[PDB]
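The chain below stands alone and is given in C-alpha cells; this is the form deposited in one PDB entry.
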C-alpha cells in the first residue's frame, strides 16, 4: 500500500483525536541492537506504543526476535516502520546503472509481544533552581541565551540568540528547561546552521517551522529527561491538519528536519567532529 498516505493518515487521526502522535509519551524506541530509531519512525513507534500499551523501548522484526530465542506470540500484529534508500537498477534500453531512490516498509513487534527474549529487553526532579547538568548541556550547544524580565521565551533569528525570562518566574526548573529546549530547537534553523527559514518559505502558512520545532522538542526532551510543553501550540494545530491533508509526504520531511535539529544540539554539546 501507499506508505506515505498510511503514515500521514495515522498522524491526521491522532491529531483529530486531540492527542498528536509525538505527544503520546507524555522513552526513545530502540532497535534490537540498541540503536535508536530516527525521524518518522520515532513518531510512529511512540504512537503505536501508546495505542497498544507497550512498556518496552525495544522493537524487533520477527526474524530478529527468532535469532534471539524469542517468539512473537500467536495473534500478535506487527507495526510498520519505513526505510529510505537508493537501489541499483538498469535502464532496459541501455544497461546503464541508475540508482533509484525508494521508500519501503518493515514489520516490527514490541518486546511486549514476544516470549522468550533475554531479560535486558523487557524523571529527575529539578525543583525550582538552575540545574548544573542541564545548564552545561545548553551552554555546550553554542546558543547565546539572554535573560530579561520580559515574560516570554523566544528565539530571535536576526540577533541570533534565545531570550528566556528568569528561571525564578517559572517556579519549576522542569518548565524552564523544557521551554529552553523548545527555543533551542528553533535556534538550529538559523541560516548559519540548518538554514530552515530560507529553505522552507511557508507560503501556504502551514506553520511548518512550529511543527518541526514541536516534534524536534519532543525528541530532544526525550533524550534530556524533560517533559515538553504543548500549551503554546493550539494556534498551529489546524494549519498542521490542513498541511497533512494537502501533502502526504510533508510529515516525513518535518520528522526528518526535527531529527536533524535534535541531532545538531546533541552533537554540538558533545564536541562531535568527523
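Between two forms, the rigid core is the largest collection of C-alphas that superpose within 1.5 Å. Positions refer to the first chain, counted from 1. Only residues modelled in both forms are compared.
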Legend entry - Size class of the missing deposited segment between residue 26 and residue 27: 4 to 9
Inset, instruction - Enter the number of deposited residues without atomic coordinates between residue 122 and residue 123, binned as none, 1 to 3, 4 to 9, or 10 or more. - result: 4 to 9
Legend entry - 179-187 versus 148-156 - which carries the larger mean C-alpha B factor in the record: 148-156
Legend entry - Higher-scoring stretch by recorded Cα B factor average, 30-38 or 211-219: 30-38
Inset, instruction - Kindly indicate the residue among 54, 236, 46, 59 with the greatest C-alpha B-factor in the PDB record. - result: 54
Legend entry - Candidate set 193, 204, 83, 163 [ranked by C-alpha B-factor, highest]: 204
Legend entry - For residue 141, the third of its chain into which the C-alpha B factor falls: lowest
Legend entry - Record-listed C-alpha B factor of residue 76: chain third: highest
Inset, instruction - Could you look up the Cα B-factor of residue 173 in the entry and say which third of the chain it sits in: lowest, middle or highest? - result: lowest
Legend entry - Chain thirds of CA B-factor: placement of residue 131: middle
Inset, instruction - Would you mind ranking residue 12 by its C-alpha B-factor against the rest of the chain and naming the third, lowest, middle or highest? - result: middle
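Not on display, but discussed next: the form deposited in another entry.
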Legend entry - Rigid core superposition between this form and the one not shown: residue from 206, 54, 37, 58 with Cα shift of 2 Å or more: 206
Inset, instruction - Spell out whether the Cα of residue 85 moves at least 2 Å between this form and the one not shown when the two forms are superposed on their rigid core. - result: yes
Inset, instruction - Given a change of 3 Å or more, say if the Cα atoms of residue 263 and residue 199 sit closer or farther in that other deposited form than in this form. - result: farther
Inset, instruction - Explain in one word, closer or farther, how the Cα atoms of residue 196 and residue 85 are placed in that other deposited form relative to this form, where the distance changes by 3 Å or more. - result: farther
Inset, instruction - After fitting on the rigid core, list every run of 3 or more consecutive residues where each C-alpha shifts 2 Å or more between this form and the one not shown, in sequence order. - result: 84-87, 98-101, 198-206
